[PDB]
Structure formats: C-alpha cells, structure tokens
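Just so it is clear, none of the values below were taken in a lab; they were calculated from the coordinates. We place every Cβ from the backbone using ideal geometry, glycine too, and count neighbours over all the protein chains shown.
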Amino acid sequence: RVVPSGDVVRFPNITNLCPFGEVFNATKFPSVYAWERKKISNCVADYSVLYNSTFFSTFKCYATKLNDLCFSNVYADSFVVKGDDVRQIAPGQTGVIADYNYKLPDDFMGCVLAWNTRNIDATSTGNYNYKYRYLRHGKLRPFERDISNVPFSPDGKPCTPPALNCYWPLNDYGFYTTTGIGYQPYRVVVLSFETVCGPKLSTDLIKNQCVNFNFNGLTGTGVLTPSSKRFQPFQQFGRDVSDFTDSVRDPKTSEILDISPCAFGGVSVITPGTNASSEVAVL
Amino acid sequence: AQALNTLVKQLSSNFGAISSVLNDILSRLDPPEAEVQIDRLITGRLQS
Amino acid sequence: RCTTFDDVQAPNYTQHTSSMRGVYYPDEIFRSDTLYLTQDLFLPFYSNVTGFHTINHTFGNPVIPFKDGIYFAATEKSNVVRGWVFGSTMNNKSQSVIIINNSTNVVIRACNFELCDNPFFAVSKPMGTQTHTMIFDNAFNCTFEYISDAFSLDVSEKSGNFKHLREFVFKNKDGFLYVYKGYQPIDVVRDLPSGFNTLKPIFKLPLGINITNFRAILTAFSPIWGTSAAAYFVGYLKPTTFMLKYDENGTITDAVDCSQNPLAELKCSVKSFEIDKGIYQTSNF
Ligand SMILES: *[C@@H]1O[C@H](CO)[C@@H](O[C@@H]2O[C@H](CO)[C@@H](O[C@@H]3O[C@H](CO)[C@@H](O)[C@H](O)[C@@H]3O)[C@H](O)[C@H]2NC(C)=O)[C@H](O)[C@H]1NC(C)=O
Ligand SMILES: *[C@@H]1O[C@H](CO)[C@@H](O)[C@H](O)[C@H]1NC(C)=O
Ligand SMILES: *[C@@H]1O[C@H](CO)[C@@H](O)[C@H](O)[C@H]1NC(C)=O
C-alpha cells in the first residue's frame, strides 16, 4: 500500500468559534408544541459550551455526535418537557413529543440538553400551564412547529370545545414537586441538525500526490488533480460508474477535481532456488 | 460482468448495521456503537 | 385586505394525459455515461390530469390536497398562478406558509397568517401590477421570513397562445420544503404540450409547518376582482421507480417509469432501452 503524504482541507470562508447564548444561556423555555427556534449559522462551532455552563446538567448527544457538524444551519430548540417525555425527543420515535410536538431530523443528529428544574419550573399542585399535544388529526413531519392555539376536533368533524364530548389537544404534564424524576420539568435545548463545520480550516491543494482530504461533505484518501467534468452549478460532486465519488467541485475555489485512489496491488517474488542462489527480484 | 457487479453491489448492503459504510460507523457513531457494526459488515462481506 | 370576487366558477375539467412530466435532479451527485435506477417522490408517466381553465370568471383555488408533495404545471400567457399557500387548516388557526412572487421578489414566510377565504393576487388588469397581497392581513408567531433577489415579470392580461411553461414540484422533508423549477418556451393552444422537461433545485426551505393542504394563489385581474386566461394543473408525487439515463454532460435526457406497462417494467430489469427478443424473468406476483 502507498502511504499518503499531505492534508487537503478545503472549505468556503472561515469564521471563528462564536458565542451562542441560545445554546446555554436562556433562562425560560416555552412549550414544546410551540418550541422556540433560534439558529446557528456561519460559525465553526464545537458546542463545548453545552457542557460549559452552570445552567444544565445532562450533557448527552444523540456523546460522539457533538462533532457531527459540516452541514447547514443548526437550530437550538428551546422547550421544557417532562421526565416521561425526555425519552421522546428523538429522530422519529413517535411519542407525544415526537409525533405531535417536536420531531427531529435524521441526516445528522445533535444534542438534547436537559436540566433539573424541580425548584423553579414546578409546583406542588402541578405546573399545568406548560402543556403538550397528545392527539391531533395529522402527524408532524420532521422539524415542524405546532402553534394551533385552537379548540380541537378529535375526529375531523365539527366537534370543537366548549361543546360536549369535544376534546382539547393539550394534556397537562404533571410538573409536581412531590413526585419523582419522571414527572419533573426539564429545560431542554436541542440542536436540530438540519452553514457550520466543526473541522473547518483551510489548507493547500496538494495535487498529484497520495494525500488525505476533508471537503464540504467529502472525506477520504487518494490522488487529486483537476478534472474536465461538466458539473452543473447545482451539483456538488461526481461519482464513477461504481458508487464511490471520484470527482469533486472544490469547496473553497470551485475547481473541478478528480479523486483517484492511492496506488496499491500485489507483490510477487521471483527466485531461482536456494540451491541455485540467494538473490531474488520482486514484482 | 455480473460476478463483478454482484461483488460490487454487495458492498452497499447494510447486513444489519446502521449503514454499509465502515467509516461512518467508525467516525460518526460511538466507539461502542462502532465495533458492534464493524464486526457485522466484515462477516457479511467476508462470506460474500 | 380580505376581499372576495363577483363570481367564482368551476373549471372546464378538461382531461389530459401527462406524458413526460415531473422529472428532476434528486441529488447533487454528478454521474455520466451511466443509467441509474431509483425511487423517489415522482409524478408518474401517462397520468390522467384535469385542465383548470381559469377564464375571466372561473377561479379555482379551494383547499387542494398535498399530502406528501404535488406536481404543478402551467402553460401561461398572463402569468397567473404565481403563489401558493401551504399548511393544514387554511385559516388563522395553524402555522402556514405563504410563498408569493409579487412581481419583484419571492416573498416566503412561515407564520399563523390571517388567511382570507380567497387567495388571490390583487393585480390591476390593464397594466399588471399588484396593489396588495390580499391573502393575509398580518401574521402571528412566525418562524421564517425571506425576500429573494429582485427582478420583474410582466403579469398583465395577454392574448394569443401560451408563451410560458413553468414546472414546479413541492415536497416536505426534514422541515426543508424543496421547491424545484422548470421552464421552457411554448406556443400552446390547448391543455398541455407533450414533451420532456426536467427540473433543477432552487429552494431548501426550513419552514416547519404541518404540510397537508395547499391553496395555489392565483392572480386576480380587474381594472370586485376577476381573472384571465391560464391553463394549470394538479398532479401527485408517488413513490415510483424510475430509470435515469444520463448523457455525457450529466443531463437527464430520458427516463422510464417501471410501473406503467409490462414493457417498461421489463426495461428496469434489463437496465436498458434496448431489449432483445425473448422471455425475461421479472419479479414475482
Ligand atoms: C455537452 O455540452 C457541450 C457544451 O459545453 C457540447 O459541446 C459542444 O457541442 C456542439 C454541438 O455538437 C459543438 O458544436 C459543433 O461544432 C462543430 C465545429 O465547427 C460544427 O461543425 C458543428 O456543426 C457544431 O456546431 C461544439 O463544438 C461543442 N463544444 C466543443 C468545445 O467542442 C457537447 O456536445 C455536449 N455533449 C453531448 C453528448 O452532446
Ligand atoms: C543442488 O543442485 C545440484 C545440481 O546438480 C545437485 O547436484 C545437488 O544435489 C543439489 N543439492 C542438494 C542438496 O540436493
Ligand atoms: C380521466 O378521469 C376523468 C374523470 O373526471 C375521466 O372523465 C377521463 O375519461 C379520464 N381520462 C381518460 C383518458 O380516461
């Protein structure tokens, strides 16, 4: 195997590690069906400030998914759930948070950061003023918000409250101080993963060498050289007649490249015999 | 042509892993999430 | 301002067979010298569609089902269908998206709008400019707002044949509404021209609304508002299997649906247009 020589880190223009108060500094979080959207754009982020705060206590990513960042905008989503509905903040996994309140995208997946608010966001009668959707005529697709402040028809027929046998779309959580951990209000920041990049620097195009490379949406080792492929302006990269990518439009300077793999192969040994000699020649 | 392409397309079989990509399973998932699904795609591709 | 018309009629329901419609670039992958088989949310071939002949009193934009995604076509002479309300309830009761082209910009927002009972473009008919976006009055609890880069489109009443054919495909995925754009020049008397036309990606829209209905915002024309001549359709995207023939430049040049007829279900097994004479095992029943 030919051992590579060089690093190729190519990206569009670079900003610094920005501070994000929407990640770790927000004090009051609203309901989950009307989950507050704040976003992250154009910053090389690590989200170590998820860990680095005195406002949170869980520190888990859905935690190797913390560095899962060389894509479009991350949405730091602010809402308070219950302990039995911490479990439903997930890509898919259609519980009462995911099917109707807050569904998560599934290209990459961020971090769900809860915090113990037994003494602030709860009461002994149940802080029922925070609510959630449990049944609605229509399921959420991923990354949606539901701000229907409306008395709801439970079957699609004109049965709205305050008429009889007509249901509300909102149950109470049951944020009790007198219960255990399963019924506590938990201030939850979710980084919805659907332009930031974690390992985002800029290095040189080490062309015509067995290198490493890290691109906008493309990693691997190989040989780099300009290409002549008629890329469309809406086409990022090329693939071969097989299904691995061998051509890329450069993330930094848009030069259409080729990606051949590094050279490799077998080894023979041509010997005439130990009784004959002790020299060999290899193929 | 067929026996190469059948050998080609069975690279892209998941074999019970979360993807058929050994470097996503390497890099994107946890190191306990990795070796579970590294050991799946080898035994799949080895007997393919 | 939420205003109504003098008369809103039903269209002529003129039936048509959509021959080669709905094709787009799914991915950002370039491939060449190749022939690629995929399913995605596609408009099928030979699909029976209906002609929404909007003519001078007819105004077709009720609640129309979206449910995953839709195909849209419009042979245009007066450039009438230029807006779309997306959402679930179509009232000021759930979060909706108003995508409009107001002859200067593409204005897209994601809010709980004060939705009128009539989605139209209040446009003066003898000159073709919009007075007010009389679809909402204001908005509440927004998540998105955008204005595109500026240009101009002549949207007055024109006569003769249809000179403009626009091809539109809308789809709900991961919050991102994907809206793709196709266009060709035409010279069109009746329902639709036969022929092949692709689409390309333009918009990646994290709108965040429950997309289950759509009301295609038309353009009103009166100097009490009316309309004028526009032939536009409604089609449905289905999880069907397509072949994708790529030329040497990576332009999709032809496509074959697998689920039309047993001839074209055979093509997806052979992976060609050329099929030799004989018998070929295809999938079980
Ligand atoms: C892919 O797109 C490229 C354009 O970027 C196409 O290349 C160009 O194709 C045209 C039409 O074949 C060529 O024009 C021809 O020029 C000759 C020379 O005078 C003339 O005799 C012909 O009547 C015709 O006008 C053009 O030269 C060519 N460009 C270059 C640089 O050669 C290409 O054809 C497209 N691919 C396919 C498969 O069509
Ligand atoms: C080595 O080759 C020679 C060639 O004639 C032979 O005579 C000799 O026996 C060989 N050596 C052994 C150990 O057999
Ligand atoms: C398409 O459906 C309509 C139903 O309104 C029907 O009248 C028409 O004949 C159909 N088209 C064909 C080609 O059968």
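Applying the Karplus relation 6.51 cos²θ - 1.76 cosθ + 1.60 with θ = phi - 60° to region A:242-255 yields 3J(HN,Hα) values of 8, 10, 10, 6, 10, 8, 9, 8, 5, x, 8, 10, 6, 7 Hz, where x marks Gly and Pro. A simple spin-label model places pseudo-atoms 7 Å from Cα toward Cβ; at A:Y51 and A:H137 they are separated by 4.9 nm.
Under 5 Å from the amide H of C:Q184 lie the amide H atoms of C:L165, each residue being 5 or more positions distant or on a separate chain, with H modelled from the backbone and absent for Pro and chain starts. Only Cα pairs under 8 Å and 6+ residues apart enter the sum, and on that basis the relative contact order of region C:1-126 stands at 24 percent. In this structure, the pairs whose alpha-carbon distance is over 28 Å, taken from A:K229/C:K77; A:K252/C:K200; A:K200/A:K229; A:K229/C:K277, are A:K229/C:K77; A:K229/C:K277.
Over the Cα atoms of the protein assembly as shown, the radius of gyration divided by the Kirkwood radius equals 1.02; this is the Rg/Rh ratio. For region B:7-31, the residues whose amide N sits under 19 Å from a probe point set 7 Å from the Cα of A:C262 along the beta carbon direction are B:22-24, B:26-27.
The mean sequence distance of close C-alpha pairs (under 8 Å, at least 6 residues apart), as a share of the length of region C:43-116, puts its relative contact order at 19 percent.
Highest average first, the peptides C:99-108, C:187-196, C:143-152, C:167-176 ordered by how many other beta carbon atoms sit within 10 Å of their residues are C:167-176, C:99-108, C:187-196, C:143-152. For A:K60, the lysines whose Cα falls under 22 Å of its own Cα, not counting residues fewer than eight places away in the same chain, are A:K28, A:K38, A:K39, A:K82, A:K103.
Working from label points 7 Å from Cα in the Cα-to-Cβ sense, the A:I14 to C:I279 distance is 6.6 nm. Our coupling estimate for region C:240-251, obtained by passing each phi through the Karplus curve with A = 6.51, B = -1.76, C = 1.60 and θ = phi - 60°, is 9, 9, 10, 8, 10, 6, 9, 7, 6, 8, x, 8 Hz, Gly and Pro reported as x. Residue by residue along A:239-247, Cβ atoms of other protein chains within 10 Å of the local Cβ number 4 on average.
Legend: mean number of C-beta atoms from other chains within 10 angstrom of residue C-beta atoms, peptide A:141-153, equals 6. Once backbone amide H atoms are built at 1.01 Å from N, A:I256 has A:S227, A:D250 as its partners under 5 Å, excluding neighbours fewer than 5 places away on the same chain. Legend: mean number of C-beta atoms from other chains within 10 angstrom of residue C-beta atoms, peptide C:204-212, equals 6.
Beta bridges per DSSP, both residues in region C:14-280: antiparallel share near 95 percent. Of the peptides A:271-283, A:107-119, A:1-13, the ranking by mean beta-carbon count within 10 Å, highest at the top, reads A:107-119, A:1-13, A:271-283.
Counting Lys and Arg as +1 and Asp and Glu as -1 over every other residue whose Cβ lies under 10 Å from the Cβ of A:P233, the net charge comes to +2. Neighbours of C:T58, meaning other residues whose beta-carbon lies under 14 angstrom from its beta-carbon, give a summed charge of -2 when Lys and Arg score +1 and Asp and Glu score -1. Estimated purely from DSSP H runs of n ≥ 4, each contributing -39500 (n - 2.57), the mean residue ellipticity at 222 nm for the protein assembly as shown is -2000 deg cm²/dmol once divided by its residues. Residues whose amide H lies under 5 Å from that of C:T54, counting only those 5 or more places away or on a different chain, are C:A230, C:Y232; hydrogens are built 1.01 Å from N in the peptide plane. A simple count of charges around C:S32, restricted to other residues whose Cβ falls under 10 Å of its Cβ and scoring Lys, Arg +1 and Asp, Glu -1, yields 0. With N the number of residues in region C:14-280, Rg(Cα) / (2.2 N^0.38 Å) evaluates to 1.06.
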